[PDB]
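Asker: Quick one: this structure, given as structure tokens, is what I'll be asking you about.
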Amino acid sequence: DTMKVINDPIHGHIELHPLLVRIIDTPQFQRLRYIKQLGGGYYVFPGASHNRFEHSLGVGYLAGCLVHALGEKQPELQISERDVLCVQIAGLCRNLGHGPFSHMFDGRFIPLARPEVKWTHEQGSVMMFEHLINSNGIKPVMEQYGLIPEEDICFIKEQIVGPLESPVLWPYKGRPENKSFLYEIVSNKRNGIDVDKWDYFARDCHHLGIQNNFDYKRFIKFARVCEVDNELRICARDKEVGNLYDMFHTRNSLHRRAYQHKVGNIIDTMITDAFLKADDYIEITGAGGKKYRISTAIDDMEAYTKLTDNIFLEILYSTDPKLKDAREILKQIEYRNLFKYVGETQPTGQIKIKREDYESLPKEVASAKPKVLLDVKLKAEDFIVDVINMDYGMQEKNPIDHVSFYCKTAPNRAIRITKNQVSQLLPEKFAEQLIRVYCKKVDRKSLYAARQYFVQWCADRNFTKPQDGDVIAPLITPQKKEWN
Amino acid sequence: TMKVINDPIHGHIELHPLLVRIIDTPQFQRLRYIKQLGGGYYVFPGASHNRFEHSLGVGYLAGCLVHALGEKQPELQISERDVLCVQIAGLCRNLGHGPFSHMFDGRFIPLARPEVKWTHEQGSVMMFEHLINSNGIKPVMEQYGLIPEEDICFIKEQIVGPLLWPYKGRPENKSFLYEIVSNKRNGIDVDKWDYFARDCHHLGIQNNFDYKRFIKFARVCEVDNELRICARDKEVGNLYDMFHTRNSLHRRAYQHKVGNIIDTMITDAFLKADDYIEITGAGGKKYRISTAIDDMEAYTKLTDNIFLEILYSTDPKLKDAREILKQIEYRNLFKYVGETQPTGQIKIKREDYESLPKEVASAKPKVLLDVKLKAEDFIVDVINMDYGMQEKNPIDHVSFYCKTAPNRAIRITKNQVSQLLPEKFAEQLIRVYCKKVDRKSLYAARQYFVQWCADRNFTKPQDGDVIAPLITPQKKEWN
Amino acid sequence: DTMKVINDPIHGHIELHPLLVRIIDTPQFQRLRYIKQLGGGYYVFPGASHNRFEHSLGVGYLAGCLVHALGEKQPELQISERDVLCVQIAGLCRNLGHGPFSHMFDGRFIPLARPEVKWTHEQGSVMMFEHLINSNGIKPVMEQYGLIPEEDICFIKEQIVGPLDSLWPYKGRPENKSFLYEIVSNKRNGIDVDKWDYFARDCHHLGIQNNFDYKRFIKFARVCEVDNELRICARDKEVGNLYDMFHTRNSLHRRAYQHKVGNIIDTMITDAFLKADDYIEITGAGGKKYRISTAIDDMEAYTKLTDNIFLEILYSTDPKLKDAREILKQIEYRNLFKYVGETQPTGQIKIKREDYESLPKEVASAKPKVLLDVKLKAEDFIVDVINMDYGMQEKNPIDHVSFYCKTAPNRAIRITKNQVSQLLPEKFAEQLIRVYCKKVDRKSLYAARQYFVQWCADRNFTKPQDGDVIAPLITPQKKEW
Amino acid sequence: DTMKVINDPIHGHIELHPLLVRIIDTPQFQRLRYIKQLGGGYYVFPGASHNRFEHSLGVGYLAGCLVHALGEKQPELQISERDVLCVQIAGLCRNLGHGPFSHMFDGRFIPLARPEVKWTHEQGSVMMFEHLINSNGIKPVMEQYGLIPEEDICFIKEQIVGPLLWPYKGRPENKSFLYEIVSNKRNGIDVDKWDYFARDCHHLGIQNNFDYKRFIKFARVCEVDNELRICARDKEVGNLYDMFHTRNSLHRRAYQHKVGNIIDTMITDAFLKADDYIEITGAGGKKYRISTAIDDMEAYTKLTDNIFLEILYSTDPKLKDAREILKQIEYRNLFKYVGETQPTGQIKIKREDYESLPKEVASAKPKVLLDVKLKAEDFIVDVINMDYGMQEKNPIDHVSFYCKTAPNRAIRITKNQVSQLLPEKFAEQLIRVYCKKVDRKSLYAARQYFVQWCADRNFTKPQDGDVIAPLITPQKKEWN
Ligand SMILES: Nc1ncnc2c1ncn2[C@H]1C[C@H](O)[C@@H](COP(=O)(O)OP(=O)(O)OP(=O)(O)O)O1
Ligand SMILES: Nc1ncnc2c1ncn2[C@H]1C[C@H](O)[C@@H](COP(=O)(O)OP(=O)(O)OP(=O)(O)O)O1
Ligand SMILES: Nc1ncnc2c1ncn2[C@H]1C[C@H](O)[C@@H](COP(=O)(O)OP(=O)(O)OP(=O)(O)O)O1
Ligand SMILES: Nc1ncnc2c1ncn2[C@H]1C[C@H](O)[C@@H](COP(=O)(O)OP(=O)(O)OP(=O)(O)O)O1
Ligand SMILES: [Mg+2]
Ligand SMILES: [Mg+2]
Ligand SMILES: [Mg+2]
């Protein structure tokens with residue numbers, strides 16, 4: 001019928017076009033109300049109760065703001081109402097594929113449960129989106145508002161997941177090269193500067209109790225479309241380059257303080273463990289009454305629709321003896337009897353730990369031979385080793401090298417700015433790894449032992465000296481001259 | 001040692017290790033799965049907050065106030081023991097909340113167990129006792145200098161009131177300690193201060209009451225042979241504003257017409273599921289949603305999860321309950337028709353609520369209608385709005401002191417403050433909704449409703465002339 | 001010339017059309033950087049350092065937001081870019097007439113210095129605006145952007161001061177654009193963008209939280225026909241929010257704008273200005289010299305009249321300015337006139353402006369019947385009378401608001417108080433009376449308290465809140481108390 | 001005298017001890033109400049109307065919060081009420097020496113007006129403090145609250161300016177940590193920064209990412225090389241790096257905004273041209289100039305942002321030139337920014353050379369056709385030192401930490417134990433060039449000289465170099 005207004009604490013009163021309202025009011029979308037944005041983060045930051053639902057609204061809203069701003073300043077781009085709606089829909093829908101506790105599901109659980117599969121929430125989102133459209137008769141409604149479902153559905157999916165085919169050249173079918181800038185708004189594959197980040201910076205900061213340093217409204221006011229290598233791309237004003245570096249700094253701060261908090265991560269790990277032990281016994285009904293498992297619900301969207309943070313409580317409140325082991329792990333979370341953090345270290349020089357080796361790392365720590373008297377001996381299964389990749393979104397690459405700028409005196413001429421033209425106080429590297437070790441045996445003597453193994457292992461591998469190394473393992477740290 | 005927790009409202013809060021022990025139990029952690037505002041989240045998408053974080057905030061603020069009083073007035077002899085008991089009461093006053101908070105004890109239990117008299121306060125005391133006993137907390141209390149017999153009694157009394165000086169947990173010289181967590185005299189307590197700031201932060205509305213200011217100006221003075229908390233005289237304006245803010249929040253958010261109808265629909269689903277959902281309590285015995293309040297072990301497991309258990313069920317027995325919840329997901333909600341109030345001296349009684357849909361359906365609007373509606377097509381929601389004390393002004397039950405005589409308590413009347421304040425402190429709103437959502441039904445529903453208002457002499461609905469132009473002229477009182 | 005972006009802490013990044021930039025970059029406008037929004041309030045709330053300049057930008061911005069919103073939702077209104085600019089200009093320029101310390105100047109100083117004259121900041125704003133336009137060659141620039149100076153200047157002035165009888169009293173725009181006159185300074189009911197900026201700005205600086213959401217209001221606003229005018233109508237649902245908006249305004253007055261100490265500091269500054277008024281010279285047009293009290297007669301002199309006068313007096317060495325300087329120095333040492341107490345007239349009693357001068361005499365004429373060391377005279381008392389209302393004297397402004405319903409968006413309606421709530425005020429205006437004493441020693445203050453409470457008893461005013469404590473021998477004689 | 005409560009938008013309701021109230025209610029302190037925190041920043045960020053007065057209150061408050069926190073957690077430090085009050089007084093009083101438009105005065109005006117003198121706001125503050133105490137009979141009042149004026153006044157001054165082997169006389173080595181609260185000379189981590197981060201962010205419309213309340217909760221005193229120092233929890237090292245990053249951001253975006261700086265420069269110019277004619281009465285009726293008022297505190301007391309308006313509203317023909325410059329600010333006819341570059345070479349341009357830089361730019365010989373020829377006096381060259389507060393040094397190397405398992409044992413954490421994503425350098429210089437000739441042809445020319453000069457000196461390629469000077473940038477192969 002007409003627009004709805006929604007009050008969001010981050011963006012204020014947001015207007016939603018009636019087509020967007022139709023998409024929102026479906027089981028597939030409403031599911032996001034039962035998925036925590038930050039997963040296990042809520043168990044450390046009690047303000048982080050927010051869910052993927054409200055984040056999706058914000059992304060949809062901001063995507064609209066940017067495409068409206070570009071059209072208003074540059075009418076010659078011929079941005080249509082159709083374009084605007086398609087960008088908003090992609091914005092709303094890019095989080096549809098998230099599973100229970102968000103990054104826990106595709107970052108920890110699926111890789112362990114279905115190692116062979118290559119699953120990302122992005123692929124999930126496209127499949128969920130297709131299911132949403134077809135199950136709810138949205139195509140007719142799209143037609144009613146001037147959309148062309150064949151080309152526009154393709155455009156929406158491409159915004160979320162990138163080109164759906166091998167092109168080998170313009171690889172996209174939803175829109176031509178003169179509308180290339182539209183693909184940079186929701187999920188920016190070139191440099192990661194998109195409206196998804198801008199919403200979560202402000203939303204997560206508001207809920208976590210941390211203040212956000214990046215100003216997205218400012219960026220929107222200064223954004224322009226310019227020709228770059230025969231594409232029309234979004235360009236930023238030159239003098240905003242400092243702010244872009246700060247945006248990635250902020251992202252990295254948020255990961256350090258919150259998203260990769262050592263305890264938040266161990267809770268995610270414990271929940272994943274419970275899910276693995278429950279995976280043979282939980283049944284989720286999908287299409288035609290068929291039953292799926294937590295690990296196979298990703299193969300049927302009807303089942304996946306019903307896969308939310310509810311699984312946690314279904315296990316916790318179960319009485320089935322088959323779920324006893326899964327239930328016991330979750331109960332340990334309630335009593336705060338967590339696996340204990342031992343410490344953190346990093347590889348030095350060039351060392352980079354591969355995913356294929358993650359499984360062997362607890363074995364290595366347990367194989368260390370600290371020269372200290374120990375009452376207890378620990379085994380591989382008593383250790384957890386978490387490897388964390390921290391970067392500016394593009395592996396070792398500087399994403400600001402993939403941004404186009406313009407100057408005040410020549411607004412149509414795109415230019416490049418190098419790091420050395422900005423500041424000497426910027427990072428010289430853009431990627432790193434952290435290694436955390438935890439112990440499943442929580443008593444005083446086990447933990448003392450775990451610390452000696454860990455510090456010995458760091459010494460043997462030539463990793464960095466843990467910050468508290470001299471205090472937790474005063475007999476071990478002297479043997480390493482590099483640390484003294 | 002102490003844990004530090006980062007709360008978005010209060011910042012970094014320090015928690016004494018005994019509080020940490022109480023928090024890290026199934027009975028307390030349960031509050032992570034209970035939305036503060038129930039169905040409000042379905043209208044204000046920022047309101048994702050749960051009872052858990054609110055409880056921390058209350059416990060913190062209760063500590064702030066008692067610490068402040070002890071610091072300024074050492075002669076009160078506030079002990080570390082007192083402080084901890086007030087913080088524990090603060091942490092634990094929300095323990096008795098059920099699924100979707102006020103939906104559960106405000107709508108569901110009254111309909112499901114009309115004979116019973118249940119409040120979340122009573123729930124909290126029972127849950128607290130169960131928490132203590134199930135988790136071996138008494139020894140730990142002893143270890144930090146608490147005396148469980150007296151102090152458990154003190155804590156419960158802070159939450160629910162007395163189970164002469166009617167209290168056993170502390171004597172009259174510590175009377176002021178009973179005003180911090182749940183203030184039975186006038187409702188000015190740290191529970192409100194936390195939810196004002198927390199709800200505002202999540203709802204996207206700005207809070208006008210400054211509790212830090214209040215804490216700086218609070219003193220204990222003798223009032224009728226009790227030591228009570230007294231506010232500085234100048235602060236009386238801020239107190240009126242505190243209640244105004246509360247009433248605003250209810251108007252805009254807690255009693256939002258759609259939030260309420262969603263709570264109503266969820267309640268309906270729970271009623272239809274109540275025969276079939278089984279909750280295991282003590283000794284393996286099975287309970288229903290409506291009887292889980294009789295066993296704390298079962299109640300521990302009763303959270304917002306029930307909603308999703310019903311929604312995702314495949315059992316044909318749960319078909320009807322599941323259908324209602326699915327209507328919520330598609331946003332096929334019962335439609336709001338309008339709102340009115342009783343005029344003059346009319347007050348609608350709880351005993352009459354059930355007859356009201358019948359009355360609306362019996363109205364005979366003189367207009368041509370395609371469809372005829374029945375009682376079962378109408379929902380009538382009666383909402384009591386007040387300043388927390390029925391028709392009473394709660395500021396009449398506050399004690400103040402002046403700068404020139406800080407130990408002398410005084411009273412301030414409404415007329416000494418402002419003529420721009422309310423003359424009444426309680427009122428009723430009547431909302432009507434229609435279960436039939438099509439265009440013709442809605443048209444008809446509007447004519448019935450306005451006719452009914454006219455017949456009953458209720459206030460003219462705001463949009464009355466637009467929704468029912470043939471009906472409103474017949475009433476001269478309305479023009 | 002292109003658009004400038006400006007970062008405001010309240011509104012974020014605001015875009016300004018180049019014509020607005022031209023108006024801003026003049027002595028007449030830049031003057032507002034040197035005038036405190038809240039006058040003496042800064043001496044009580046140290047966060048309130050903000051000036052009229054930034055407030056004006058905000059008003060100009062919000063006026064643009066609203067007129068843009070209306071044009072986007074209802075293209076049939078035929079709002080032109082010309083209309084938008086004229087509304088923004090009126091928004092920017094409605095504060096131009098403010099004098100030193102804002103409301104101190106026209107609320108206290110001018111009435112005392114020039115009792116014969118009838119001056120308001122609104123009239124000041126129109127005169128300043130005219131002077132700004134003419135002194136800076138703005139008329140040609142206006143023509144360059146499609147404005148028609150004859151009509152549009154008239155329109156801008158009318159937005160600020162109202163019509164310069166009749167169904168339609170305005171000349172700048174016709175009745176089909178009536179809704180444009182409701183944006184910047186709403187004479188019908190006071191619901192305008194000026195309030196929305198200062199609620200959010202003052203709250204941000206004072207450390208108080210604002211409960212009115214103007215962005216919400218903009219989203220729900222529509223233009224409808226009302227009595228053959230096109231007016232702005234609010235959605236029916238929003239009527240509660242409008243009552244709250246006036247409650248918030250009254251809260252802010254109670255807590256901040258009429259703070260008892262902020263007011264006494266304004267009074268002291270006014271006193272210093274009065275004592276300096278013979279000696280301070282301000283050069284206006286053609287080199288003529290003016291006084292602080294006559295600078296309002298020449299805009300060139302008025303342009304140079306800012307909070308700077310305060311410091312010019314404070315730092316003076318001239319013996320002629322000794323008395324003015326001593327008062328201000330008492331402010332620095334915080335040796336202020338002492339607050340005695342506050343009371344109200346009962347029920348429906350109102351004091352009027354003509355009587356204000358006789359009030360110190362009355363207090364001094366009270367005969368307490370308590371033993372006193374010192375006797376006080378009329379000149380030792382200050383009596384401040386404060387009118388608190390919902391912006392329209394005894395009237396309910398919500399009675400002058402038009403609403404619309406969801407089911408009939410083009411049909412305007414009225415909503416009465418009884419259709420909203422029984423918990424609303426039954427009265428919309430009241431007076432406070434504050435008494436202060438210029439003699440600050442312990443014995444004088446004790447005496448002042450007895451006179452004051454006796455006077456309250458004699459006049460049948462309300463019992464001061466601390467009456468029993470400050471005057472325990474006086475309050476028993478009144479059984480009603 | 002009892003405690004006063006004051007409502008600050010940043011900190012909320014702050015309680016002030018009556019002795020602090022007595023210090024605040026003096027001409028010497030109240031003067032800070034008339035001095036903008038950010039100077040010419042207000043002319044770019046209209047929210048930045050805040051003055052030094054409210055910042056001083058915030059610093060005094062936070063200094064009290066921290067010393068109270070330390071005493072409460074570690075009674076064995078023997079912090080007295082006397083210690084607390086002295087730290088709060090230093091906190092309140094460290095801004096007393098600021099002149100008109102804050103950093104404009106001692107960063108630009110005094111160096112140009114009195115090149116021979118060595119003046120800082122810190123020295124100003126100690127002299128103002130002494131004058132405040134003596135003019136207002138504060139010593140007796142101090143005694144009344146348990147202070148010992150001889151030792152405590154010395155302590156307060158030392159906290160502000162440093163020492164006038166253990167070099168301090170106000171307190172012994174076991175109270176070393178008290179000298180780290182208000183102006184931390186060891187590493188710059190102090191409560192002054194925390195207040196201005198939050199205050200400036202609130203007014204500028206930028207959000208602050210350092211949490212000082214968190215830091216206070218985790219701070220401890222530990223023994224380090226026979227001194228008792230403040231130590232941070234090991235975990236918090238990341239937050240400290242972020243604190244300095246925030247400081248640098250704020251300088252980049254706001255404190256050193258290219259236009260805010262040019263406005264300060266123009267105001268400085270006007271002050272220079274007014275300095276012979278403005279008279280400020282000091283002690284015994286002696287007259288001082290703006291540039292000599294720093295020699296007499298009675299005169300300096302009266303030296304505030306008011307000078308700006310006294311000049312602007314003057315009618316004296318002698319002040320005509322000063323008045324014209326300020327009027328150009330009102331009409332926004334500013335000196336025009338030409339561009340920004342940095343040295344590539346490791347030697348910092350020295351303060352002694354600043355004067356010769358306009359001459360160098362004017363001596364560049366761009367190979368381009370130019371209508372107009374520019375002279376040295378048409379160029380302004382502003383050299384800006386950006387660092388982490390300690391020249392080339394990493395201030396986190398001068399921070400002590402402690403671990404959860406051994407809270408009294410201080411440790412060091414090196415940059416490599418924290419992250420590879422941190423800066424490799426901690427100091428740099430920016431060079432901004434502006435032109436006093438604002439017409440289109442002069443500005444075109446200025447751009448060619450500037451880029452040519454960058455090329456000749458081997459400075460970095462200006463960001464817009466290829467657009468402003470397309471004929472000049474190709475000649476430098478390094479720039480591609
Ligand atoms: N008074 C208020 N102040 C702030 N937010 C509000 C207020 N009232 C409602 N909201 C929020 C809740 C929603 O997120 C959003 C829309 O609510 P509302 O405008 O009441 O829509 P609605 O759909 O209930 O009304 P209708 O369909 O009658 O327009 O604004
Ligand atoms: N850098 C940060 N900024 C703001 N809040 C943070 C930061 N790091 C953690 N928090 C939040 C999460 C928690 O709510 C609270 C306590 O976290 P933290 O200090 O990490 O406790 P911890 O228990 O993990 O550390 P430990 O047990 O080692 O002392 O602060
Ligand atoms: N990095 C920033 N972050 C937030 N606000 C900023 C930043 N830089 C400047 N501001 C503020 C200050 C001003 O109020 C407003 C305009 O500043 P800026 O965009 O620098 O314009 P400018 O006129 O100085 O540059 P130009 O004229 O080159 O476009 O934004
Ligand atoms: N109602 C309020 N809410 C928030 N801040 C306020 C309020 N009233 C005053 N303030 C601010 C202004 C000052 O910064 C600070 C103290 O003001 P106030 O309490 O009025 O003290 P006062 O000195 O005027 O009263 P007194 O001496 O009578 O105790 O609080
Ligand atoms: Mg609706
Ligand atoms: Mg911990
Ligand atoms: Mg006072």
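Labels for the structure tokens follow display order: chains A, B, ..., residues from 1 in each chain, ligands from 1.
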Would you mind listing what lies within 7 Å of stretch 2-19 of chain C as a list in words, with only C-alpha atoms counted and same-chain residues fewer than 3 positions away left out?

Answerer: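 These residues fall inside the cut-off: residues 217 and 218 of chain A; 22, 23, 61, 200 and 201 of chain C; 45, 46, 47, 203, 204 and 205 of chain D.
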
Asker: Please give me, as a VMD selection string, the residues lying within 9 Å of ligand 1 when counting only C-alpha atoms and all ligand atoms.

Answerer: (chain A and resid 4 to 8 12 to 14) or (chain B and resid 40 to 46 203 to 205 248 to 249 251 to 253 256 to 259 336) or (chain C and resid 211 to 213 216 220 235 to 238 240 to 241 405 to 406)

Asker: Could you list, as number ranges by chain, all protein and nucleic acid residues with an atom at most 10 Å from ligand 7, counting only C-alpha atoms and all ligand atoms?

Answerer: B: 403; C: 44, 260-261, 338-339; D: 2-6

Asker: Tell me, as an MDAnalysis selection string, which residues lie within 10 Å of residue A:199, counting only C-alpha atoms; anything in the same chain fewer than 6 positions away does not count.

Answerer: chainID A and resid 10:11 54:63 205 216

Asker: Counting only C-alpha atoms and all ligand atoms, what residues are within 9 Å of ligand 6, given as an MDAnalysis selection string?

Answerer: (chainID A and resid 263) or (chainID B and resid 3:4) or (chainID D and resid 404)

Asker: Using only C-alpha atoms and all ligand atoms, which residues of the polymer chains come no farther than 8 Å from ligand 4? I'd like the answer as a ChimeraX atom specification.

Answerer: /B:210,213,234-235,237-238,403 /C:44-46,206-208,254-256,259-261 /D:4-8,13

Asker: With only C-alpha atoms as the counted atoms, please give the residues lying no more than 12 Å from residue A:330, apart from itself and same-chain residues fewer than 2 positions off, as a PyMOL selection string.

Answerer: (chain A and resi 267-275+277-278+311-318+323-328+332-339) or (chain B and resi 26+29)

Asker: Based on the selection just made, write N, CA and C atoms of those residues as a tab-separated table (two decimals), in the first residue's frame.

Answerer:
```tsv
chain	number	residue	atom	x	y	z
A	267	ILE	N	33.62	-19.32	24.01
A	267	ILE	CA	32.21	-19.66	24.14
A	267	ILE	C	31.64	-20.13	22.83
A	268	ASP	N	32.04	-19.49	21.74
A	268	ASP	CA	31.64	-19.93	20.40
A	268	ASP	C	32.15	-21.34	20.13
A	269	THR	N	33.36	-21.60	20.58
A	269	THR	CA	33.99	-22.88	20.43
A	269	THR	C	33.27	-23.95	21.24
A	270	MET	N	32.84	-23.61	22.46
A	270	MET	CA	32.13	-24.55	23.28
A	270	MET	C	30.77	-24.82	22.70
A	271	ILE	N	30.11	-23.79	22.20
A	271	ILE	CA	28.80	-23.98	21.56
A	271	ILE	C	28.93	-24.85	20.31
A	272	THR	N	29.95	-24.59	19.51
A	272	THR	CA	30.23	-25.42	18.33
A	272	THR	C	30.41	-26.90	18.70
A	273	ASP	N	31.16	-27.15	19.76
A	273	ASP	CA	31.36	-28.48	20.27
A	273	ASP	C	30.05	-29.17	20.65
A	274	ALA	N	29.19	-28.45	21.36
A	274	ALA	CA	27.90	-28.97	21.70
A	274	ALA	C	27.09	-29.30	20.43
A	275	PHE	N	27.18	-28.45	19.41
A	275	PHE	CA	26.44	-28.65	18.17
A	275	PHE	C	26.92	-29.89	17.45
A	277	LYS	N	28.32	-32.53	18.90
A	277	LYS	CA	27.80	-33.68	19.64
A	277	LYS	C	26.30	-33.86	19.52
A	278	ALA	N	25.56	-32.82	19.15
A	278	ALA	CA	24.13	-32.94	19.00
A	278	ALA	C	23.74	-33.26	17.58
A	311	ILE	N	18.26	-23.58	18.56
A	311	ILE	CA	18.96	-24.85	18.70
A	311	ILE	C	19.71	-24.94	20.03
A	312	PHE	N	20.34	-23.84	20.42
A	312	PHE	CA	21.02	-23.75	21.69
A	312	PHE	C	20.10	-24.16	22.85
A	313	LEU	N	18.91	-23.60	22.91
A	313	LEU	CA	18.00	-23.89	24.01
A	313	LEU	C	17.32	-25.26	23.90
A	314	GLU	N	17.06	-25.70	22.68
A	314	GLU	CA	16.53	-27.03	22.46
A	314	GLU	C	17.49	-28.07	23.05
A	315	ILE	N	18.78	-27.89	22.82
A	315	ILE	CA	19.77	-28.78	23.42
A	315	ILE	C	19.82	-28.58	24.93
A	316	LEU	N	19.86	-27.34	25.39
A	316	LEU	CA	20.03	-27.08	26.82
A	316	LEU	C	18.90	-27.66	27.66
A	317	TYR	N	17.68	-27.60	27.15
A	317	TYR	CA	16.50	-28.04	27.86
A	317	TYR	C	16.09	-29.46	27.52
A	318	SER	N	16.88	-30.16	26.71
A	318	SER	CA	16.56	-31.55	26.36
A	318	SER	C	16.63	-32.45	27.57
A	323	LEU	N	21.43	-36.73	24.09
A	323	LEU	CA	21.92	-35.34	24.07
A	323	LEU	C	22.62	-34.95	25.35
A	324	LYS	N	22.91	-35.93	26.20
A	324	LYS	CA	23.49	-35.68	27.50
A	324	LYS	C	24.83	-34.96	27.40
A	325	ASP	N	25.69	-35.38	26.49
A	325	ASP	CA	27.02	-34.81	26.37
A	325	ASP	C	26.98	-33.39	25.83
A	326	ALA	N	26.12	-33.17	24.84
A	326	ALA	CA	25.95	-31.84	24.28
A	326	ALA	C	25.40	-30.90	25.36
A	327	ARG	N	24.39	-31.38	26.07
A	327	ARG	CA	23.73	-30.62	27.14
A	327	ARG	C	24.70	-30.26	28.27
A	328	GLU	N	25.63	-31.15	28.59
A	328	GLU	CA	26.60	-30.89	29.64
A	328	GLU	C	27.57	-29.76	29.31
A	332	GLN	N	27.88	-26.10	31.29
A	332	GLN	CA	29.13	-25.52	31.75
A	332	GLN	C	29.21	-24.04	31.41
A	333	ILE	N	28.64	-23.65	30.28
A	333	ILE	CA	28.57	-22.24	29.93
A	333	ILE	C	27.72	-21.47	30.95
A	334	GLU	N	26.57	-22.01	31.32
A	334	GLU	CA	25.69	-21.36	32.30
A	334	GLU	C	26.33	-21.15	33.65
A	335	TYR	N	27.13	-22.12	34.08
A	335	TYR	CA	27.85	-22.02	35.35
A	335	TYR	C	29.17	-21.28	35.17
A	336	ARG	N	29.51	-20.90	33.94
A	336	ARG	CA	30.73	-20.18	33.65
A	336	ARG	C	31.94	-21.03	33.98
A	337	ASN	N	31.81	-22.33	33.79
A	337	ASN	CA	32.93	-23.22	33.87
A	337	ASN	C	33.46	-23.41	32.45
A	338	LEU	N	34.23	-22.43	31.99
A	338	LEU	CA	34.67	-22.36	30.60
A	338	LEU	C	36.02	-22.99	30.46
A	339	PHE	N	36.38	-23.38	29.25
A	339	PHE	CA	37.77	-23.70	28.97
A	339	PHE	C	38.60	-22.45	29.32
B	26	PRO	N	22.00	-21.22	36.29
B	26	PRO	CA	20.91	-21.37	35.32
B	26	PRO	C	19.75	-20.47	35.62
B	29	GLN	N	20.97	-16.87	34.43
B	29	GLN	CA	21.28	-16.86	33.03
B	29	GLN	C	20.04	-17.00	32.14
```

Asker: Within 6 Å of chain A, which residues belong to chain B? Use only C-alpha atoms and report them as a ChimeraX atom specification.

Answerer: /B:7-8,24-26,45-46,48-49,53,204,329-331
